[PDB]
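**Student:** Before I ask anything, let me first share the structure, which is written out below as structure tokens.
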Amino acid sequence: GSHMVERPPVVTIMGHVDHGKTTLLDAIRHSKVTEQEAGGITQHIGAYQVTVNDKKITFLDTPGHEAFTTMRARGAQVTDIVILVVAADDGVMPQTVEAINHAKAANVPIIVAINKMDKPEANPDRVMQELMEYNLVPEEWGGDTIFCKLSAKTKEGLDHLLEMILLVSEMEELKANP
């Protein structure tokens with residue numbers, strides 16, 4: 001809330017390249033409403049700020065010291081968001097872990113983005129158990145991990161992705177899961 005200062009909810013997109021985290025920004029680039037200046041993939045910029053529902057979704061963080069919140073602050077719990085991208089049957093790659101291991105310990109929710117799920121389904125449950133293997137129990141299961149079985153290409157789950165993101169800005173203001 002804004003009572004304790006409305007800290008900008010930086011929705012950091014994490015996962016790994018192959019899972020299609022670029023596809024997220026790319027597909028979402030084809031459905032922008034505000035942005036900054038340039039949402040093009042060039043190392044001076046790239047990500048942007050999306051105004052859906054008019055909630056300030058600032059995508060991608062600025063790695064000054066640590067990617068996802070510099071690890072030296074316990075008197076300032078920032079509203080960082082861990083978007084955890086996945087892809088069909090891959091589950092969790094190295095980067096998927098090192099980001100979650102880094103993320104989960106800030107007392108922040110994490111959001112699986114099952115890419116390539118626009119098929120019937122690779123194996124959600126298996127993949128989901130990989131997440132809860134890092135103790136990221138899905139919200140289906142009652143942990144703190146929002147599983148979005150989406151698609152950026154078909155543009156089905158792209159919608160459902162932001163739907164879950166803002167859902168976080170809703171429930172985190174109250175009590176989250178419990």
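Residue numbering restarts at 1 for every chain of the structure tokens, chains are lettered A, B, ... in their displayed order, and ligands are numbered from 1 as they appear.
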Need to verify the contact set: residue A:109, 7 Å, only C-alpha atoms, exclusion of same-chain residues closer than 4 positions in sequence. Can you return it as a compact mmCIF listing (two decimals) with N, CA and C atoms, in the first residue's frame?

**Tutor:**
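File written: out.txt
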# COMPACT_ATOMS: atom_id res chain seq x y z
N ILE A 81 8.82 -8.58 -7.77
CA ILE A 81 7.99 -9.68 -8.26
C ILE A 81 8.82 -10.68 -9.03
N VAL A 82 8.74 -11.96 -8.66
CA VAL A 82 9.51 -12.96 -9.34
C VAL A 82 8.68 -13.70 -10.37
N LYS A 104 13.12 -16.47 -3.60
CA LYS A 104 12.17 -16.99 -2.63
C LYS A 104 12.47 -16.51 -1.20
N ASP A 144 3.02 -20.91 -2.48
CA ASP A 144 3.16 -19.49 -2.80
C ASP A 144 3.66 -19.30 -4.23
N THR A 145 3.36 -20.27 -5.08
CA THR A 145 3.86 -20.23 -6.44
C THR A 145 2.72 -20.24 -7.46

**Student:** Would you kindly return, as a PDB file with C-alpha atoms, in the first residue's frame, each protein, DNA or RNA residue with an atom no farther than 10 Å from any atom of stretch 41-53 of chain A, considering only C-alpha atoms and excluding same-chain residues fewer than 5 positions away?

**Tutor:**
ATOM      1  CA  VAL A  10       9.089  -4.153 -10.305  1.00  0.00           C
ATOM      2  CA  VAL A  11       7.839  -7.327 -11.927  1.00  0.00           C
ATOM      3  CA  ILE A  13      10.955 -11.546 -15.371  1.00  0.00           C
ATOM      4  CA  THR A  22      12.150 -13.022 -24.533  1.00  0.00           C
ATOM      5  CA  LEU A  25       8.435  -9.362 -23.677  1.00  0.00           C
ATOM      6  CA  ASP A  26       8.213  -9.844 -27.463  1.00  0.00           C
ATOM      7  CA  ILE A  28       3.737  -8.359 -24.794  1.00  0.00           C
ATOM      8  CA  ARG A  29       5.553  -5.852 -27.017  1.00  0.00           C
ATOM      9  CA  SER A  31       0.270  -5.578 -26.965  1.00  0.00           C
ATOM     10  CA  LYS A  32       1.692  -2.511 -25.219  1.00  0.00           C
ATOM     11  CA  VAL A  33      -0.251   0.415 -23.718  1.00  0.00           C
ATOM     12  CA  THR A  34       2.317   2.829 -22.253  1.00  0.00           C
ATOM     13  CA  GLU A  35       5.943   1.636 -22.158  1.00  0.00           C
ATOM     14  CA  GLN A  36       8.936   3.937 -21.709  1.00  0.00           C
ATOM     15  CA  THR A  58       7.521  -2.172 -14.484  1.00  0.00           C
ATOM     16  CA  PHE A  59       9.190  -5.146 -16.174  1.00  0.00           C
ATOM     17  CA  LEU A  60      12.851  -6.129 -15.680  1.00  0.00           C
ATOM     18  CA  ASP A  61      15.189  -4.900 -12.955  1.00  0.00           C
ATOM     19  CA  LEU A 162      -0.852 -10.259 -16.476  1.00  0.00           C
ATOM     20  CA  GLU A 163      -4.102 -11.515 -14.917  1.00  0.00           C
ATOM     21  CA  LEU A 166      -2.178  -8.030 -10.889  1.00  0.00           C
TER      22      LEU A 166
END

**Student:** Choose the residue, out of A:38, A:111, A:131, A:152, that has the smallest atom-to-atom separation from residue A:167; count only C-alpha atoms.

**Tutor:** A:111

**Student:** Give me, as a PyMOL selection string, all polymer residues having an atom no more than 9 Å from residue A:71, counting only C-alpha atoms and skipping those fewer than 5 positions away in the same chain.

**Tutor:** chain A and resi 65-66+102+106

**Student:** Run DSSP on the backbone and grab whatever in chain A lands in strand (DSSP E); send it over as number ranges by chain.

**Tutor:** A: 10-14, 49-52, 55-59, 81-87, 110-115, 145-149

**Student:** Residue A:84: which residues within 12 Å, counting only C-alpha atoms, same-chain residues fewer than 5 positions away excluded, as a JSON list (two decimals) with N, CA, C and O atoms, in the first residue's frame?

**Tutor:**
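Just written: out-v3.json:
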[["chain", "number", "residue", "atom", "x", "y", "z"],
["A", 11, "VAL", "N", 8.15, -5.96, -11.60],
["A", 11, "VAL", "CA", 7.84, -7.33, -11.93],
["A", 11, "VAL", "C", 8.99, -7.93, -12.73],
["A", 11, "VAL", "O", 8.99, -7.93, -13.96],
["A", 12, "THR", "N", 9.98, -8.41, -12.01],
["A", 12, "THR", "CA", 11.19, -8.95, -12.60],
["A", 12, "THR", "C", 10.92, -10.29, -13.30],
["A", 12, "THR", "O", 10.49, -11.26, -12.67],
["A", 13, "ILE", "N", 11.14, -10.32, -14.61],
["A", 13, "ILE", "CA", 10.96, -11.55, -15.37],
["A", 13, "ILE", "C", 12.22, -12.39, -15.35],
["A", 13, "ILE", "O", 13.26, -11.99, -15.86],
["A", 14, "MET", "N", 12.10, -13.56, -14.76],
["A", 14, "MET", "CA", 13.23, -14.47, -14.62],
["A", 14, "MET", "C", 12.89, -15.83, -15.20],
["A", 14, "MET", "O", 11.76, -16.09, -15.59],
["A", 15, "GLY", "N", 13.90, -16.67, -15.28],
["A", 15, "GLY", "CA", 13.73, -18.01, -15.77],
["A", 15, "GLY", "C", 14.98, -18.46, -16.47],
["A", 15, "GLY", "O", 15.94, -18.88, -15.84],
["A", 16, "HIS", "N", 14.96, -18.32, -17.78],
["A", 16, "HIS", "CA", 16.10, -18.59, -18.63],
["A", 16, "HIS", "C", 15.75, -18.21, -20.06],
["A", 16, "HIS", "O", 14.57, -18.01, -20.37],
["A", 17, "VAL", "N", 16.74, -18.08, -20.93],
["A", 17, "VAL", "CA", 16.51, -17.64, -22.30],
["A", 17, "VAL", "C", 15.61, -18.63, -23.06],
["A", 17, "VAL", "O", 14.58, -18.24, -23.61],
["A", 19, "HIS", "N", 13.53, -20.87, -22.23],
["A", 19, "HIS", "CA", 12.15, -21.00, -21.78],
["A", 19, "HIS", "C", 11.24, -20.00, -22.49],
["A", 19, "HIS", "O", 10.02, -20.18, -22.54],
["A", 20, "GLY", "N", 11.84, -18.96, -23.05],
["A", 20, "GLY", "CA", 11.09, -18.01, -23.82],
["A", 20, "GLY", "C", 10.69, -16.79, -23.03],
["A", 20, "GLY", "O", 9.56, -16.31, -23.14],
["A", 21, "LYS", "N", 11.62, -16.25, -22.24],
["A", 21, "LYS", "CA", 11.33, -15.05, -21.47],
["A", 21, "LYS", "C", 11.38, -13.84, -22.39],
["A", 21, "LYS", "O", 10.80, -12.79, -22.11],
["A", 24, "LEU", "N", 8.01, -13.59, -24.04],
["A", 24, "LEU", "CA", 7.06, -12.88, -23.19],
["A", 24, "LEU", "C", 7.08, -11.39, -23.50],
["A", 24, "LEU", "O", 6.06, -10.81, -23.85],
["A", 91, "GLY", "N", 10.80, -27.77, -17.48],
["A", 91, "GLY", "CA", 10.73, -27.64, -16.05],
["A", 91, "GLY", "C", 11.56, -26.49, -15.55],
["A", 91, "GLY", "O", 11.21, -25.33, -15.76],
["A", 92, "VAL", "N", 12.67, -26.80, -14.91],
["A", 92, "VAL", "CA", 13.52, -25.81, -14.30],
["A", 92, "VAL", "C", 14.97, -25.99, -14.75],
["A", 92, "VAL", "O", 15.61, -26.99, -14.42],
["A", 93, "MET", "N", 15.48, -25.04, -15.53],
["A", 93, "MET", "CA", 16.89, -25.03, -15.91],
["A", 93, "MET", "C", 17.73, -24.39, -14.80],
["A", 93, "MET", "O", 17.18, -23.87, -13.83],
["A", 95, "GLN", "N", 19.34, -21.56, -14.50],
["A", 95, "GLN", "CA", 18.98, -20.18, -14.23],
["A", 95, "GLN", "C", 17.63, -20.08, -13.53],
["A", 95, "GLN", "O", 17.38, -19.16, -12.76],
["A", 96, "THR", "N", 16.75, -21.05, -13.80],
["A", 96, "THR", "CA", 15.45, -21.11, -13.15],
["A", 96, "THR", "C", 15.61, -21.29, -11.64],
["A", 96, "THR", "O", 14.80, -20.81, -10.85],
["A", 97, "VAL", "N", 16.69, -21.96, -11.23],
["A", 97, "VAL", "CA", 16.95, -22.23, -9.83],
["A", 97, "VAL", "C", 17.65, -21.07, -9.16],
["A", 97, "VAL", "O", 17.20, -20.58, -8.13],
["A", 98, "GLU", "N", 18.75, -20.64, -9.76],
["A", 98, "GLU", "CA", 19.59, -19.60, -9.16],
["A", 98, "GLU", "C", 18.83, -18.30, -8.99],
["A", 98, "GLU", "O", 19.22, -17.44, -8.20],
["A", 99, "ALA", "N", 17.74, -18.17, -9.72],
["A", 99, "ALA", "CA", 16.91, -16.99, -9.64],
["A", 99, "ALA", "C", 15.88, -17.17, -8.54],
["A", 99, "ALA", "O", 15.61, -16.26, -7.77],
["A", 100, "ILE", "N", 15.34, -18.38, -8.44],
["A", 100, "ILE", "CA", 14.34, -18.71, -7.44],
["A", 100, "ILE", "C", 14.95, -18.79, -6.05],
["A", 100, "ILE", "O", 14.42, -18.22, -5.10],
["A", 101, "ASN", "N", 16.05, -19.52, -5.93],
["A", 101, "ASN", "CA", 16.84, -19.57, -4.72],
["A", 101, "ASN", "C", 17.15, -18.17, -4.21],
["A", 101, "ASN", "O", 17.14, -17.91, -3.01],
["A", 102, "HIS", "N", 17.43, -17.27, -5.14],
["A", 102, "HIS", "CA", 17.70, -15.88, -4.81],
["A", 102, "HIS", "C", 16.41, -15.14, -4.48],
["A", 102, "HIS", "O", 16.39, -14.25, -3.63],
["A", 103, "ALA", "N", 15.33, -15.53, -5.15],
["A", 103, "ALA", "CA", 14.07, -14.81, -5.06],
["A", 103, "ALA", "C", 13.28, -15.18, -3.82],
["A", 103, "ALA", "O", 12.86, -14.31, -3.06],
["A", 104, "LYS", "N", 13.12, -16.47, -3.60],
["A", 104, "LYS", "CA", 12.17, -16.99, -2.63],
["A", 104, "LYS", "C", 12.47, -16.51, -1.20],
["A", 104, "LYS", "O", 11.59, -16.51, -0.34],
["A", 109, "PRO", "N", 6.42, -13.78, -3.53],
["A", 109, "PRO", "CA", 5.84, -14.78, -4.42],
["A", 109, "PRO", "C", 6.57, -14.92, -5.75],
["A", 109, "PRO", "O", 7.19, -13.97, -6.27],
["A", 110, "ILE", "N", 6.43, -16.09, -6.32],
["A", 110, "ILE", "CA", 7.08, -16.43, -7.58],
["A", 110, "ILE", "C", 6.04, -16.96, -8.56],
["A", 110, "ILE", "O", 5.06, -17.59, -8.16],
["A", 111, "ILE", "N", 6.23, -16.69, -9.85],
["A", 111, "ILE", "CA", 5.16, -16.91, -10.82],
["A", 111, "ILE", "C", 5.65, -17.70, -12.00],
["A", 111, "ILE", "O", 6.30, -17.18, -12.89],
["A", 112, "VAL", "N", 5.30, -18.95, -12.00],
["A", 112, "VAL", "CA", 5.66, -19.82, -13.08],
["A", 112, "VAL", "C", 4.94, -19.41, -14.34],
["A", 112, "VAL", "O", 3.73, -19.19, -14.33],
["A", 113, "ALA", "N", 5.67, -19.34, -15.41],
["A", 113, "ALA", "CA", 5.10, -19.06, -16.69],
["A", 113, "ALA", "C", 5.43, -20.21, -17.61],
["A", 113, "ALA", "O", 6.44, -20.20, -18.30],
["A", 114, "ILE", "N", 4.58, -21.20, -17.58],
["A", 114, "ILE", "CA", 4.73, -22.37, -18.42],
["A", 114, "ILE", "C", 4.52, -22.00, -19.88],
["A", 114, "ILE", "O", 3.39, -21.93, -20.36],
["A", 115, "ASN", "N", 5.62, -21.75, -20.59],
["A", 115, "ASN", "CA", 5.55, -21.40, -22.00],
["A", 115, "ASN", "C", 5.42, -22.68, -22.82],
["A", 115, "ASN", "O", 5.67, -23.76, -22.30],
["A", 128, "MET", "N", 5.51, -28.83, -12.20],
["A", 128, "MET", "CA", 5.07, -28.14, -11.00],
["A", 128, "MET", "C", 5.75, -28.71, -9.76],
["A", 128, "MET", "O", 6.03, -27.99, -8.81],
["A", 131, "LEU", "N", 9.06, -27.30, -9.24],
["A", 131, "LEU", "CA", 9.00, -26.02, -8.56],
["A", 131, "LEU", "C", 8.89, -26.23, -7.08],
["A", 131, "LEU", "O", 9.63, -25.63, -6.30],
["A", 136, "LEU", "N", 8.66, -24.53, -3.92],
["A", 136, "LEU", "CA", 7.76, -23.58, -4.51],
["A", 136, "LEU", "C", 6.44, -24.25, -4.80],
["A", 136, "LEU", "O", 6.12, -24.56, -5.95],
["A", 145, "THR", "N", 3.36, -20.27, -5.08],
["A", 145, "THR", "CA", 3.86, -20.23, -6.44],
["A", 145, "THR", "C", 2.72, -20.24, -7.46],
["A", 145, "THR", "O", 2.01, -21.23, -7.62],
["A", 146, "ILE", "N", 2.58, -19.12, -8.15],
["A", 146, "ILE", "CA", 1.51, -18.94, -9.11],
["A", 146, "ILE", "C", 1.87, -19.59, -10.44],
["A", 146, "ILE", "O", 2.75, -19.11, -11.15],
["A", 147, "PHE", "N", 1.21, -20.69, -10.77],
["A", 147, "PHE", "CA", 1.48, -21.42, -12.00],
["A", 147, "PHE", "C", 0.61, -20.92, -13.14],
["A", 147, "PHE", "O", -0.60, -21.11, -13.14],
["A", 148, "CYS", "N", 1.24, -20.28, -14.11],
["A", 148, "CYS", "CA", 0.55, -19.82, -15.29],
["A", 148, "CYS", "C", 0.90, -20.70, -16.47],
["A", 148, "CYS", "O", 1.97, -20.56, -17.06],
["A", 149, "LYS", "N", 0.02, -21.63, -16.80],
["A", 149, "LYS", "CA", 0.18, -22.42, -18.00],
["A", 149, "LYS", "C", -0.32, -21.62, -19.20],
["A", 149, "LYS", "O", -1.50, -21.63, -19.53],
["A", 161, "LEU", "N", -1.30, -14.19, -17.99],
["A", 161, "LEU", "CA", -0.07, -13.90, -17.28],
["A", 161, "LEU", "C", -0.22, -12.61, -16.48],
["A", 161, "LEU", "O", 0.01, -12.59, -15.27],
["A", 165, "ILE", "N", -0.41, -11.59, -12.46],
["A", 165, "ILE", "CA", 0.47, -10.57, -11.94],
["A", 165, "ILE", "C", -0.31, -9.57, -11.07],
["A", 165, "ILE", "O", 0.06, -9.32, -9.93]]
